[PDB]
Each structure stands twice: as C-alpha cells, then as structure tokens.
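*Asks:* First the structure, which I've put down as structure tokens, then a few questions once you've had a look.
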Amino acid sequence: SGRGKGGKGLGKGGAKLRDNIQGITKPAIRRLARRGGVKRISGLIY
DNA sequence: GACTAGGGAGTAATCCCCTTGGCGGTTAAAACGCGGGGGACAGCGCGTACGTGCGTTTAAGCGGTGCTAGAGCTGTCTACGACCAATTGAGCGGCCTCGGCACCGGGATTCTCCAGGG
C-alpha cells in the first residue's frame, strides 16, 4: 500500500477571446434604407 | 425526591427537480456572383438674366431741441402659504377570465410586361 506509486490522491486544485467585433450587415442596412425611401443606392454607403 | 412518557427541534438521509457544459439536426437569413440594362455624366450651345459703368434723385445720419409719460425705489399692511396628524377613501398590488388581436386562406380586384400588329 505505502510502497509503490499510483493515482489515488485526487488532486490539489489549480486553474485547470474577449476582443469582440462589430456586427450589422449589408441586408440590414438595405432594409433600413428601403424604410427611408430610396429608389437606388450606390456601393459606398454601408 | 427518582425516574417516565411524549413531541418539536437537532441531525441526517431521500428525493428530486434544476441546471452547467458539449454536440447534432434543420430551417432562415445572410453571402456571393452574372446579364443586362438604366442612371450618371461628359461636350456643347445658347440666350437671357443678371454683372457692371454712369446719370439723377430720396433718405439715414447728422446736429440739435423741448419737453412727457412710463420705469425704479421708498414705506406699509394683510391675505395667504408652509409649519403638526386623523382620516378614509382614491387607488394601487395580485388574480381570472373570454374577447380582440394574430395571422393565414379563397376570392375578387387590381397593377404591371410583352410582342406583335394597328
């Protein structure tokens, strides 16, 4: 029992991305534009 | 006075409902790409409507005046508003409906495109 080694001692207890990116999207902006009453838009608005 | 009997708290075991993570399935929204066409914009011409020079006058600033009715401060009082609580009802805290809202279908109605002739 005392002599030898083996895993029967449980453990002591150790320890064992928060950057985030902006959302929104082109279809959402397009829907918002259509709410604002625009017939045609260019490609630099978003 | 010595020991006895019973029940809610102290200790403890049961249940068991409640969630922490990960992972797969599946629909919806987002992502990407092409033909073609309508919107953007150059080149230009012009005319006519202002941009500008000069004559000929009314008018704001000028220079001053003689006051005149409305504005600031001096008392002064007195009608009224911010100081306790009993109240007691105007109204809010929690629950239980059935009805208007949610939303989709059949249809009438209506809005739009084309390839031709008319």
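Along the chain as shown, residues are numbered 1 onward.
Including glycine, each Cβ sits where the backbone N, Cα and C put it.
Quick paste from Swiss-Prot:
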MOD_RES   A:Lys5  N6-methyllysine
MOD_RES   A:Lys5  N6-acetyl-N6-methyllysine
MOD_RES   A:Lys5  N6-acetyllysine
MOD_RES   A:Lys8  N6-acetyllysine
MOD_RES   A:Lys8  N6-butyryllysine
MOD_RES   A:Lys8  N6-methyllysine
MOD_RES   A:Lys12  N6-methyllysine
MOD_RES   A:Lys12  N6-butyryllysine
MOD_RES   A:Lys12  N6-acetyl-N6-methyllysine
MOD_RES   A:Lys12  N6-acetyllysine
MOD_RES   A:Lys16  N6-acetyllysine
MOD_RES   A:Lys26  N6-succinyllysine
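Map the listed features onto the structure and describe their local environment.
*Replies:* Around the Cβ of A:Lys5 (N6-methyllysine), the same chain contributes no residue under 8 angstroms that is 6 or more positions distant in sequence.
A coil conformation is recorded for A:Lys5 (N6-methyllysine) in the three-state DSSP classification, outside any helix or strand.
For A:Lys8 (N6-acetyllysine), other Cβ atoms within 10 Å of its Cβ number 6.
All protein chains included, A:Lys12 (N6-methyllysine) registers 5 other Cβ atoms within 10 Å of its own Cβ.
DSSP gives A:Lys16 (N6-acetyllysine) a coil state; it is part of no helix or strand. In the shown protein chains, 2 other C-beta atoms lie within 10 A of the C-beta of A:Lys16 (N6-acetyllysine).
Under the DSSP three-state reduction, A:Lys26 (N6-succinyllysine) is assigned to helix. Other C-beta atoms found within 10 angstroms of the C-beta of A:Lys26 (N6-succinyllysine) number 10, with every protein chain shown included.
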*Asks:* Among the modified residues listed here (A:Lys8, A:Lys12, A:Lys16), which has the Cα closest to the Cα of A:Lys26 (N6-succinyllysine)?
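*Replies:* Checked the modified residues A:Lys8, A:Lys12, A:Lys16; minimum Cα distance to A:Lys26 (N6-succinyllysine) goes to A:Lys16.
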*Asks:* Whole-number Å distance between the CA of A:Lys8 (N6-acetyllysine) and the CA of A:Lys16 (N6-acetyllysine)?
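*Replies:* Checking the Cα atoms of A:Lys8 (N6-acetyllysine) and A:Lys16 (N6-acetyllysine) gives a distance of 19 Å.
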